[PDB]
A.B. asks: 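Just passing along the structure, written as structure tokens.
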4 protein chains.
Amino acid sequence: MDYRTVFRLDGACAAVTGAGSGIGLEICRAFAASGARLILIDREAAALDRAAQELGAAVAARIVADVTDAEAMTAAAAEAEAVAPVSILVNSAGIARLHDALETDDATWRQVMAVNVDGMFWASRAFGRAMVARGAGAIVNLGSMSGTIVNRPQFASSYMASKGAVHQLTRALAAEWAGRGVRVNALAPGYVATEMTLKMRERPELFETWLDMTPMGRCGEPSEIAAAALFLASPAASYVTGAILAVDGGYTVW
Amino acid sequence: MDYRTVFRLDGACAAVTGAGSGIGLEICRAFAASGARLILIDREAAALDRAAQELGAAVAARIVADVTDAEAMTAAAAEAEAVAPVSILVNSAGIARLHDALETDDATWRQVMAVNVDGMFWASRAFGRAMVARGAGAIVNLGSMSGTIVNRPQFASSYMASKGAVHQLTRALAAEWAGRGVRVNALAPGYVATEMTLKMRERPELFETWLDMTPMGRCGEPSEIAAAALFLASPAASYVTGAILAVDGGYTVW
Amino acid sequence: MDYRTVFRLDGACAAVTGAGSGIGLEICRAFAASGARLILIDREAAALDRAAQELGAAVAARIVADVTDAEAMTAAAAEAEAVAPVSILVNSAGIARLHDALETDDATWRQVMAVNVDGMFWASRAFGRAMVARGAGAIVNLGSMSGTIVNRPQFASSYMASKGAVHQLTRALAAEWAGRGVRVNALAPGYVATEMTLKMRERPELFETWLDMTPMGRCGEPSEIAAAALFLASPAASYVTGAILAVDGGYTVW
Amino acid sequence: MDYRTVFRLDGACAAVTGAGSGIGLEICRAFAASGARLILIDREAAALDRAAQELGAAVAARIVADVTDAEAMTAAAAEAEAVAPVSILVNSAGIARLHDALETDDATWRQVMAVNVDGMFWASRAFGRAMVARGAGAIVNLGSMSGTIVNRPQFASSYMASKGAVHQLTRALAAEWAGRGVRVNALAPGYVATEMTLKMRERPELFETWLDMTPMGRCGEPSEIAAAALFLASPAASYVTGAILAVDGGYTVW
Ligand SMILES: NC(=O)c1ccc[n+]([C@@H]2O[C@H](COP(=O)([O-])OP(=O)(O)OC[C@H]3O[C@@H](n4cnc5c(N)ncnc54)[C@H](O)[C@@H]3O)[C@@H](O)[C@H]2O)c1
Ligand SMILES: NC(=O)c1ccc[n+]([C@@H]2O[C@H](COP(=O)([O-])OP(=O)(O)OC[C@H]3O[C@@H](n4cnc5c(N)ncnc54)[C@H](O)[C@@H]3O)[C@@H](O)[C@H]2O)c1
Ligand SMILES: NC(=O)c1ccc[n+]([C@@H]2O[C@H](COP(=O)([O-])OP(=O)(O)OC[C@H]3O[C@@H](n4cnc5c(N)ncnc54)[C@H](O)[C@@H]3O)[C@@H](O)[C@H]2O)c1
Ligand SMILES: NC(=O)c1ccc[n+]([C@@H]2O[C@H](COP(=O)([O-])OP(=O)(O)OC[C@H]3O[C@@H](n4cnc5c(N)ncnc54)[C@H](O)[C@@H]3O)[C@@H](O)[C@H]2O)c1
Ligand SMILES: [Mg+2]
Ligand SMILES: [Mg+2]
């Protein structure tokens with residue numbers, strides 16, 4: 001090991017879902033900086049072209065796809081493999097809807113589980129195929145502190161359920177592909193200052209509880225989550241598989 | 001304070017999904033014997049009459065219903081509340097399908113998540129509505145050791161993820177309803193000698209591994225899991241909510 | 001299994017450390033009620049004779065011993081075995097001292113670790129000997145939510161460390177003696193309304209945080225912890241070993 | 001935001017206990033290479049000069065000290081702060097002793113807890129005093145997979161408990177010091193090829209079990225653990241506190 005460059009991704013190609021926004025985009029930045037070539041994936045065209053414009057030459061492909069469409073993920077991988085061999089997958093596509101359990105409509109529940117969990121499996125199966133064949137790769141899933149504990153004061157039982165699945169999916173694929181050289185880990189972030197959370201931050205009857213419940217007393221910055229993903233996705237994490245890495249300002253300690 | 005009857009369910013009415021087979025049936029027996037009345041729910045009509053014929057007078061209703069059909073769970077709660085106020089719910093309806101991640105049909109993934117996760121939500125929302133209203137209720141979810149660790153040597157990634165979701169779902173509804181007097185807990189059984197594990201117990205290249213990995217060196221008995229559901233469901237467990245109780249012969253210890 | 005009497009301890013003898021107060025004494029009550037004969041252990045003579053006076057004929061022996069003195073535990077077991085064969089051990093002797101980490105005196109730290117952890121091992125080794133020889137027994141340790149998360153707002157790093165050890169000691173002995181028929185589990189209680197906590201309850205700048213941090217919004221009652229121990233120590237828990245059972249009003253869910 | 005140097009330790013001074021051997025030494029190498037200066041601490045004087053002779057100019061001091069001696073850690077912090085303000089602490093000093101629970105000498109139990117647990121507290125209190133004062137610091141504790149699960153087939157109950165205490169100690173000091181800008185995290189390595197595991201790696205009735213139980217089918221390399229300590233210690237991990245990071249080749253996954 002050469003510690004100086006062991007955190008770099010030189011030569012590597014990363015597929016990132018949810019690349020057009022928030023944490024997904026900051027990981028694209030981090031990975032570009034680190035020597036990686038990129039495959040940007042996002043359902044949102046406007047967002048994607050912005051991502052790509054900014055990331056410039058590190059962009060191998062930019063693909064408009066919904067992670068819940070499993071043949072779009074199979075198609076995306078095939079495209080990917082032609083263009084650059086993909087050795088890293090970051091599953092950042094996710095959504096969160098507030099709801100009370102007794103006033104949940106079936107579509108809200110089904111959709112959160114479809115994006116957060118099904119989509120993550122479809123992407124991991126599509127891209128993990130070529131990794132498992134080469135006997136080499138790394139996957140990093142965006143879980144949440146919500147896969148460990150339950151947020152307060154707001155209710156979103158479908159998000160909590162989805163993040164529980166995410167953590168165990170992570171471990172299930174880690175165990176299954178360990179012997180064949182693919183590592184799979186998850187980040188479990190606390191509150192992060194991105195697009196997913198701005199609406200919730202503008203109400204102080206919520207934001208105040210948030211910070212008082214977090215030992216560091218602040219939201220994380222997207223770059224703080226990106227750095228953790230960078231670590232997990234790089235050769236520095238070569239003995240790290242099936243791990244749930246908490247990046248939460250201590251929220252889960254209390 | 002009466003310790004000799006703290007574990008009893010006298011004058012309660014419990015709804016049990018998966019009542020037709022294995023652990024769900026043993027639970028009904030356990031609850032019948034502790035003085036509860038039973039609302040029995042299974043998609044298998046044949047299994048239901050057998051269950052009901054055996055339970056006798058303890059049976060207040062038997063309802064053929066697919067837990068994945070949200071509007072059928074809601075109706076089932078309506079029917080059940082009309083016979084007697086339902087103060088206990090056991091979500092035991094569930095499936096397992098073996099599959100290699102790379103060779104997974106979309107439909108297998110979808111269906112395991114539908115029954116194990118979506119179905120538990122649909123039932124819990126339907127039956128918990130009146131409990132929340134009353135300020136009183138106990139729900140027992142069938143989680144698994146598979147929501148904490150990953151089984152070997154067989155592969156079933158959908159199952160691990162579904163059980164991750166079961167544990168977080170349990171915790172989310174525990175948190176949301178604690179203030180209104182409804183407790184929500186899960187069991188995380190190890191291998192149990194039932195119908196769900198018959199095909200696999202017939203295969204020593206799986207079976208000898210199972211016992212080896214189990215400190216107690218044996219499968220659990222359906223009644224060992226039932227006794228533990230009885231605890232969670234009873235007044236004995238009145239300060240226990242959001243708990244995931246391992247009943248696994250030490251499996252998650254190693 | 002006969003569910004009606006499966007929670008009873010008829011014929012059994014339980015050694016309980018910390019029997020003179022709080023949770024230890026309420027478990028003596030619960031176990032007496034349930035058909036068990038008792039060995040009371042406590043360093044405090046006044047407390048012990050009060051315990052024994054109240055528990056009456058269920059008391060086989062009453063022994064004044066400090067759990068940190070390992071030959072007193074070896075001696076106590078030998079005495080025990082002459083008088084009644086001890087098939088159940090409850091480790092409830094424990095202490096808690098508030099301190100700031102940077103203003104901790106070495107004696108406070110050493111003493112908490114000595115009572116909470118060393119004492120628990122000395123008792124478990126002394127009494128577990130005869131259980132392991134018979135190939136039968138049950139141990140229940142008093143862990144804490146403090147072995148999982150960190151209390152707030154008060155500081156007691158030595159208590160948190162001690163409870164971490166307690167949970168893993170539990171699992172280590174469960175794994176070691178599983179094959180030889182001794183089960184070992186821990187309770188991890190939340191705030192409980194006993195002697196250990198009255199001082200802390202009388203300051204509202206503390207008590208208020210406590211309840212607001214607990215989903216059920218109340219302290220537990222000693223009987224709620226006793227019922228859980230009763231469950232773990234009885235034949236109902238026969239497939240339950242190495243488990244950490246949270247009894248905390250949901251405190252660890254959030 | 002500079003991802004190319006986020007993992008660097010330029011201008012920091014790190015104190016490492018257990019610097020003389022195995023993982024503690026590899027960590028020093030890692031930190032030396034990331035631009036940090038080193039305060040080296042070990043009870044073995046011989047091992048220290050070897051460490052220091054190899055590290056070269058990166059070594060600001062080498063201090064022979066027994067971590068179990070509280071007043072020696074305090075003095076060591078005083079000495080170290082006088083050379084350069086210490087902003088990183090790695091608590092790597094630790095031992096393992098195999099013993100059957102029933103045949104355990106008191107002294108073995110005591111000594112494993114003294115080094116692994118008490119010693120980490122003494123060092124963390126001593127070095128964290130000035131860090132807390134500065135409003136800035138990172139501590140990395142050497143936890144273990146043995147603080148989460150129990151090893152097999154060999155028995156070492158003191159070690160499992162000590163590591164339980166290490167994980168909760170880490171979390172307690174994370175919570176207490178988060179508001180004053182000192183992060184505190186632990187690693188939970190799997191088997192690592194070092195001096196601590198040489199005797200046991202020589203015994204195939206243990207060794208073949210070790211690898212079988214490890215999804216990655218191999219021991220970790222000291223440098224794989226070091227790379228992960230570097231992450232925790234660096235600005236890359238700035239929103240990570242109270243985390244227990246598994247570096248175990250998937251061991252805790254099964
Ligand atoms: N506080 C936080 O932001 C926070 C905390 C913990 C975990 N996380 C998780 O980390 C991940 C990223 O969240 P973040 O805030 O950047 O979110 P974000 O909303 O800022 O970004 C999400 C991105 O995913 C895309 N997306 C949504 N559904 C999609 C679909 N079906 N197909 C393709 N793309 C889709 C959106 O277009 C968007 O670009 C999510 O999995 C989230 O649940 C976020
Ligand atoms: N080894 C084990 O048996 C084991 C271990 C851990 C957890 N569990 C969990 O315990 C629960 C019950 O398992 P068990 O072995 O009795 O299984 P089982 O297969 O014996 O019984 C399952 C019952 O659920 C019913 N069911 C299935 N889908 C349904 C649907 N959509 N609607 C209504 N009813 C439906 C089936 O008809 C059957 O009667 C499951 O959640 C399972 O995952 C089992
Ligand atoms: N809020 C709570 O009370 C709470 C919460 C979580 C866990 N617990 C744990 O459950 C257990 C019991 O606490 P509880 O409130 O009854 O405490 P308590 O102080 O009411 O009772 C403790 C008893 O243990 C005895 N004791 C203390 N040190 C001893 C020693 N060295 N040898 C023998 N006896 C000794 C005391 O004499 C007393 O009778 C402890 O392990 C405690 O840490 C308590
Ligand atoms: N398989 C593994 O090696 C493994 C796995 C998980 C965790 N760990 C943990 O990592 C840490 C370091 O282990 P490692 O294998 O390098 O061990 P090692 O035995 O190679 O190195 C331990 C170092 O600590 C020093 N030391 C011991 N007692 C001391 C004391 N009282 N004061 C000062 N120094 C003392 C020793 O001299 C030695 O240099 C330990 O806490 C260990 O429990 C090791
Ligand atoms: Mg919490
Ligand atoms: Mg395991």
Side-chain angles (χ1 to χ4, degrees), chain A residues 17-22 24-25 41-44 47 65-68 91-96 115-116 119 142-146 159 163 187-192 194-197 219 222, chain B residues 17-25 42-44 47 65-68 91-96 114-116 119 142-146 159 163 187-197 219 222, chain C residues 17-22 24-25 41-44 47 65-68 91-96 115-116 119 142-146 159 163 187-192 194-197 219 222:
Chain A
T17 77
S21 195
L25 182 65
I41 294 169
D42 205 292
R43 62 180 180 189
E44 207 225 283
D66 190 345
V67 294
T68 66
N91 295 116
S92 195
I95 61 171
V115 176
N116 280 9
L142 271 100
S144 180
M145 56 171 188
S146 304
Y159 191 82
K163 294 316 190 161
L187 297 163
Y191 296 118
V192 178
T194 69
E195 192 58 61
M196 178 170 290
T197 60
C219 282
Chain B
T17 73
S21 143
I23 293 180
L25 186 33
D42 212 290
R43 71 162 154 220
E44 182 177 343
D66 194 328
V67 307
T68 71
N91 285 129
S92 185
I95 61 171
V115 175
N116 295 6
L142 272 102
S144 183
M145 82 183 178
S146 315
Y159 187 78
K163 295 302 183 183
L187 287 166
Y191 302 109
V192 188
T194 65
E195 258 295 293
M196 180 173 291
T197 54
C219 286
Chain C
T17 77
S21 195
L25 182 65
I41 294 169
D42 205 292
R43 62 180 180 189
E44 207 225 283
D66 190 345
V67 294
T68 66
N91 295 116
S92 195
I95 61 171
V115 176
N116 280 9
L142 271 100
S144 180
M145 56 171 188
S146 304
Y159 191 82
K163 294 316 190 161
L187 297 163
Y191 296 118
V192 178
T194 69
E195 192 58 61
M196 178 170 290
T197 60
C219 282

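Order of the sequence lines fixes the chain letters, A, B, ..., with proteins taken first and strands second; residue numbering starts at 1 for each chain. Keep in mind that the numbers below use all heavy atoms, side chains included, and drop hydrogens, waters and symmetry copies. Remember, it's 1-based here, ligands and their atoms both numbered in the order they're listed.
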A.B. asks: With atom 11 (C) of ligand 2 as the reference point, say which of B:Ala188, B:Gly94, B:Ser92, B:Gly24 has the nearest heavy atom.
C.D. replies: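 Of the listed residues, B:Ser92 has the closest heavy atom.
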A.B. asks: Are side-chain heavy atoms of B:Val67 and B:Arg43 found at a separation under 4.5 Å?
C.D. replies: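 No, side chains not in contact.
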A.B. asks: Does some non-hydrogen atom of B:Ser146 fall short of 4.0 Å from ligand 2?
C.D. replies: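 Heavy atoms of B:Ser146 never come under 4.0 Å of ligand 2.
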A.B. asks: Among B:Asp66, B:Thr17, B:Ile23, which one has a heavy atom closest to atom 30 (C) of ligand 2?
C.D. replies: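 Shortest heavy-atom distance from atom 30 (C) of ligand 2: B:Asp66.
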A.B. asks: Check A:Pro189 against A:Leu142 and note the closest heavy-atom contact, atom names and distance.
C.D. replies: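 Closest pair (atom of A:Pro189, atom of A:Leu142, distance): CG-CD2, 4.0 Å.
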A.B. asks: Looking at A:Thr197, which atoms of ligand 1 are within less than 4.0 Å of one of its heavy atoms?
C.D. replies: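 With A:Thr197 as reference, the close atoms of ligand 1 come out as 1 (N), 2 (C), 3 (O).
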A.B. asks: Find all atoms of ligand 3 within a distance of less than 4.0 Å from any non-hydrogen atom belonging to C:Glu195, and give their numbers and elements.
C.D. replies: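 This gives 20 (O) as the contact atoms.
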A.B. asks: What are the two closest non-hydrogen atoms of A:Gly190 and A:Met145, and how far apart are they?
C.D. replies: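 Heavy atoms only, the tightest pair is CA-SD, 3.7 Å.
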A.B. asks: For B:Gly94 and B:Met196, work out which heavy atoms get closest and say how close.
C.D. replies: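 Closest pair (atom of B:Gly94, atom of B:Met196, distance): O-CE, 3.3 Å.
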A.B. asks: Give me the atom names and distance for the closest heavy-atom approach of A:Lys163 to A:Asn116.
C.D. replies: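 Heavy atoms of A:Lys163 and A:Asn116 come nearest at CE-ND2, 4.0 Å.
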A.B. asks: Would you mind telling me if ligand 3 is within reach of the side chain of C:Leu142, the backbone, both or neither, using heavy atoms under 4.0 Å?
C.D. replies: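 Contact part for C:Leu142 vs ligand 3: both backbone and side chain.
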A.B. asks: So which of C:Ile41, C:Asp42, C:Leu25 gets nearest to atom 39 (O) of ligand 3, if we judge by its closest heavy atom?
C.D. replies: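 Nearest heavy atom to atom 39 (O) of ligand 3 lies in C:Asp42.
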A.B. asks: Given B:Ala19, B:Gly20, B:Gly18, B:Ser21, which has its nearest heavy atom closest to atom 21 (O) of ligand 2?
C.D. replies: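 Shortest heavy-atom distance from atom 21 (O) of ligand 2: B:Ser21.
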A.B. asks: May I ask you to list the atoms of ligand 3 that are less than 4.0 angstrom from any heavy atom of C:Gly22?
C.D. replies: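 Per the distance check, 16 (O), 20 (O).
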A.B. asks: Which atoms of ligand 1 have any heavy atom of A:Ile95 under 4.0 Å away?
C.D. replies: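 Near A:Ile95, the atoms of ligand 1 are 27 (C), 28 (N).
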A.B. asks: List every atom of ligand 3 that sits less than 4.0 Å from any heavy atom of C:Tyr159, numbering the atoms from 1 in the order shown and giving each element.
C.D. replies: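 Those atoms are 6 (C), 7 (C), 8 (N), 9 (C), 42 (C), 43 (O).
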A.B. asks: Within the structure, is a non-hydrogen atom of C:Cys219 found at a distance of less than 4.0 Å from ligand 3?
C.D. replies: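 The answer is no: ligand 3 sits nowhere under 4.0 Å from a heavy atom of C:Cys219.
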A.B. asks: Could you tell me which atoms of ligand 2, counted from 1 in the order shown, lie closer than 4.0 angstrom to a heavy atom of B:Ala65?
C.D. replies: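 Counting from 1, the qualifying ligand atoms are 32 (N), 33 (C).
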A.B. asks: If you measure every N or O of B:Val192 against every N or O of ligand 2, does any of those distances drop under 3.5 Å?
C.D. replies: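 Among all N and O atoms of B:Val192, at least one is under 3.5 Å from an N or O of ligand 2.
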A.B. asks: Under a 4.0 angstrom heavy-atom cut-off, which atoms of ligand 2 come close to B:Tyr191?
C.D. replies: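 Under 4.0 Å from B:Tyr191, ligand 2 has these atoms: 1 (N).
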A.B. asks: Is the shortest distance from a heavy atom of B:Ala114 to ligand 2 less than 4.0 Å?
C.D. replies: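 Checking ligand 2 against B:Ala114, which is what was asked, there is no heavy-atom contact under 4.0 Å.
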A.B. asks: For the side chain of B:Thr17 and the backbone of B:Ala93, is there at least one donor-acceptor N/O pair under 3.5 Å apart?
C.D. replies: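 Checking the backbone N and O of B:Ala93 against the side chain of B:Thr17, a donor-acceptor pair under 3.5 Å is found.
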A.B. asks: Can you list everything that forms a side-chain hydrogen bond (donor to acceptor under 3.5 Å, both in side chains) with A:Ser146? Sequence neighbours excluded, please.
C.D. replies: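 In terms of side-chain hydrogen bond (donor to acceptor under 3.5 Å, both in side chains), with neighbours along the sequence ignored, A:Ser146 is linked to A:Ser144, A:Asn151.
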A.B. asks: If we set the cut-off at 4.0 Å for heavy atoms, which region of A:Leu187 has an atom near ligand 1: side chain, backbone, both, or neither?
C.D. replies: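 Neither part.
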A.B. asks: Heavy-atom contacts with B:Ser144 under 4.0 Å: which atoms of ligand 2 show up? List them by number with element.
C.D. replies: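 Matching atoms, with element in brackets: 6 (C), 7 (C).
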A.B. asks: Quick check: closest heavy atoms across C:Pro222 and C:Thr194, and the distance to 0.1 Å?
C.D. replies: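 Shortest heavy-atom separation between C:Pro222 and C:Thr194 comes out as CG-CG2, 3.8 Å.
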A.B. asks: Less than 3.5 Å between some nitrogen or oxygen of A:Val67 and one of ligand 1, yes or no?
C.D. replies: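 Yes, there is a polar N/O contact under 3.5 Å.
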A.B. asks: Below 3.5 angstrom, do we get any N/O pair linking C:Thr68 and ligand 3?
C.D. replies: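 No, C:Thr68 has no N/O under 3.5 Å of an N/O on ligand 3.
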A.B. asks: Partners of B:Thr197 by side-chain hydrogen bond (donor to acceptor under 3.5 Å, both in side chains), sequence neighbours excluded?
C.D. replies: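 Partners of B:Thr197 under the side-chain hydrogen bond (donor to acceptor under 3.5 Å, both in side chains) test: B:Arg201.
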A.B. asks: Would one find an N or O of B:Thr194, backbone or side chain, under 3.5 Å from an N or O of ligand 2?
C.D. replies: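 Yes; at least one N/O pair falls below 3.5 Å.
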A.B. asks: Answer with side chain, backbone, both or neither: which part of B:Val115 has a heavy atom less than 4.0 angstrom from an atom of ligand 2?
C.D. replies: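 The part of B:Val115 near ligand 2 is the side chain, not the backbone.
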A.B. asks: Of the listed options (B:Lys163, B:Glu44, B:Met196), which comes nearest to atom 41 (O) of ligand 2 when hydrogens are ignored and any heavy atom counts?
C.D. replies: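 Of the listed residues, B:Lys163 has the closest heavy atom.
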A.B. asks: Name the option, out of A:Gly143, A:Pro189, A:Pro222, A:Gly119, that contains the heavy atom nearest to atom 9 (C) of ligand 1.
C.D. replies: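 Comparing heavy atoms across A:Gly143, A:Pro189, A:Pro222, A:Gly119, the nearest one to atom 9 (C) of ligand 1 lies in A:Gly143.
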A.B. asks: Quick one: pull up OG in C:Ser92 and CG in C:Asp42 and give me the separation to the nearest 0.5 Å.
C.D. replies: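 It comes to 9.0 Å.
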A.B. asks: A:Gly190 near ligand 1, heavy-atom distance under 4.0 Å?
C.D. replies: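 Yes; A:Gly190 lies near enough to ligand 1 that a heavy-atom distance drops under 4.0 Å.
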A.B. asks: Looking only at distance, does B:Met145 have an N or O less than 3.5 Å from an N or O of ligand 2?
C.D. replies: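 N/O-N/O distance below 3.5 Å does not exist for this pair.
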A.B. asks: Would C:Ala47 count as a contact of ligand 3 if the rule is a heavy atom under 4.0 Å away?
C.D. replies: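 Heavy atoms of C:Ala47 never come under 4.0 Å of ligand 3.
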